[PDB]
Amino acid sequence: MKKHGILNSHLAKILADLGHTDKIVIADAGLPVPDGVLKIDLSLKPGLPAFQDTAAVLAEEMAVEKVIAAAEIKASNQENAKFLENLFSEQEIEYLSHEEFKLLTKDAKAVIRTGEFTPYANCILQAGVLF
């Protein structure tokens, strides 16, 4: 067995190919996935796994230089919005309209679907560099 890194086999393969500026998406159960973008569905049931649990694991296994989210999250999901601001305190966090956000997901290497059943609980993690 693999000794280090993320436990999920599908996710390990995606992280392995990440280069500077590549993007991956963490999404709630309702975000549509653009045609041609790989979808890894980790959901089991509503709320499992949660957006917070998934984002935390990725933050620990991936070098993130920037986080992108939809402005709407501040209005309909303060709970998760705060979590995001706290988790990525050192990184740059940009808010765009949800419409623009969706547009940006077309360039993602993958969309990770969580079981999160709350509004606009989605974010784009942009890969940094280790040197």
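The numbering used is simple: start at 1 and walk along the sequence shown.
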- Could you check which stretch, 37-45 or 90-98, carries the larger mean CA temperature factor in the entry? 90-98
- For the higher mean C-alpha B factor in the entry, choose 53-61 or 23-31. 53-61
- Task: Name the third of the chain's ranked CA B-factors that contains residue 75, choosing lowest, middle or highest.
- Result: highest
- Lowest, middle or highest third of the chain for the C-alpha temperature factor of residue 116? middle
- Which third of the chain does residue 7 land in by C-alpha B-factor: lowest, middle or highest? lowest
